[PDB]
Structures are given as C-alpha cells and as structure tokens.
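Position in the sequence shown (from 1) plus 14 gives the number in mature numbering (1 follows the signal peptide of the UniProt record, and there is no 0).
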Amino acid sequence: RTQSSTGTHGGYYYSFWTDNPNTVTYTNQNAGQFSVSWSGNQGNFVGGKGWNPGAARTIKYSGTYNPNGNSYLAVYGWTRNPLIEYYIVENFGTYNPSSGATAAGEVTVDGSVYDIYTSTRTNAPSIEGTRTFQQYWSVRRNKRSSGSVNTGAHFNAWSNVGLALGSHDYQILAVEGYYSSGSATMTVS
C-alpha cells in the first residue's frame, strides 16, 4: 500500500510519497505552505513543496518542525545528465541521514558550517528508473527550522568534489520520517 502524489498547488510544485498512508497525513495549503503529521512510529514518507525544474536559487522557508525520532528537514532534489540526488539537510532527529556517506569537506554558508558528503547508489530507484548515480549531501551543523538556503553555494562546493550537477529536475523543501512520529508546517518561497 504505497501512495505518491505530485502536482502544482498554490503556484508551487509538490511531492508526497509514503509506504503507509494510514499513519501519515499530508496537507497542501495556500501558496508554498504544507503540513504533515505522522504517528504510530510506522512507515516511511517524504513530502514537501518547491519547484520543478529546480535551479540555483535562494530558498526561503519558515515554520515549525517537531519530530519525535527518525526524521529530517532538507532541501532535496535531482538533476539529470548526469543523474544526481542531493540533500541540503537543515535539521534532523535522532539519526544523521548522511551516515555511511564519505566525508568530503566543509562549506560555510547561511550562518553555519555544513559538512559535505558524497556517496554512490548502485542500481537503486531513481527518477530515471533503476540506476547507478551519485549523491551529494550538505549537513548543517547548526540545526534550524527557518531561514534561507543559497543553493548555488552548495552546488559550487559539490562541483569541487566530484561530478558537476546536471540539468535540474525537481527541488523541494522536504520533511521526511522513518518509523517515527511528529508534525510540521512549513512555508517555502
């Protein structure tokens, strides 16, 4: 029992995916706002609002992020040609989502050091089907739940490590949860 919902709402692209629709409720709200509540410590989900295609843009977000357990808050997106999955992690709960990726330096932007990581996913699900692709991570040391993200500074930092980013696909401010509980209301602009 999986559910995937994508579209445009309030002038913004949105995406919500879960393998347990009964324990997670995603609500599109006006403009770049969305809410997610999840309970019962059951199920995996990722959802949020943003843009398709993405770009090197300044992403402003504000709201309330109240996880209880395994969860993160991240700018999240993809490129093609080459195929790259990337995460700018602004906050997380009890597990660092970068675990197992390879350390690849530091970048200081938007009020904090971010630790950079890279990984390779081999025959894994992608926006293009089963593929081998590169992942980039920036993980904020100073966790926060509102602010601005200069995505281009991260893109440039990643390009000095490995492959440069390709042509943008979607780019969202995402809330994720993994067998946990919580609630969040975020507004992107």
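All C-beta atoms, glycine included, are put in the ideal place defined by N, C-alpha and C.
From the options, pick the residue whose C-alpha is nearest to that of residue i; which is it?
i: residue 64; options: 79, 37, 78 and 88; result: 88
i: residue 68; options: 158, 52, 180 and 194; result: 180
i: residue 159; options: 22, 102 and 166; result: 102
i: residue 117; options: 176, 18, 57 and 16; result: 176
i: residue 196; options: 21, 56, 19 and 31; result: 56
i: residue 140; options: 34, 38, 201 and 93; result: 93
i: residue 147; options: 24, 95, 66 and 200; result: 95
Give the straight-line distance between the Cα atoms of residue i and residue j, rounded to the nearest whole angstrom.
i: residue 174; j: residue 36; result: 43 Å
i: residue 80; j: residue 198; result: 6 Å
i: residue 75; j: residue 46; result: 9 Å
i: residue 208; j: residue 97; result: The structure shown has nothing for residue 208, since the chain only spans 15 to 203.
i: residue 86; j: residue 29; result: 16 Å
i: residue 123; j: residue 71; result: 14 Å
i: residue 54; j: residue 194; result: 7 Å
i: residue 42; j: residue 20; result: 11 Å
i: residue 131; j: residue 99; result: 12 Å
i: residue 162; j: residue 38; result: 27 Å
i: residue 178; j: residue 172; result: 7 Å
i: residue 40; j: residue 82; result: 17 Å
i: residue 49; j: residue 16; result: 19 Å
i: residue 22; j: residue 119; result: 36 Å
i: residue 166; j: residue 90; result: 13 Å
i: residue 104; j: residue 170; result: 18 Å
Does the beta-carbon distance from residue i to residue j come in below 7 Å?
i: residue 183; j: residue 153; result: no
i: residue 191; j: residue 106; result: no
i: residue 126; j: residue 156; result: yes
i: residue 77; j: residue 188; result: no
i: residue 108; j: residue 137; result: no
i: residue 31; j: residue 18; result: yes
Tell me the DSSP bridge mates of residue i?
i: residue 109; result: The partner list for residue 109 (beta bridge, DSSP) is empty, contrary to what the question assumes.
i: residue 52; result: 38 and 196
i: residue 81; result: 196
i: residue 92; result: 99
i: residue 133; result: 149
i: residue 87; result: 105 and 189
i: residue 127; result: 122
i: residue 43; result: In DSSP, residue 43 forms no bridge with anything.
i: residue 63; result: 28 and 187
Counting pairs of Cβ atoms below 8 Å between the region 110-117 and the region 148-163, do you hit three or more?
-> yes
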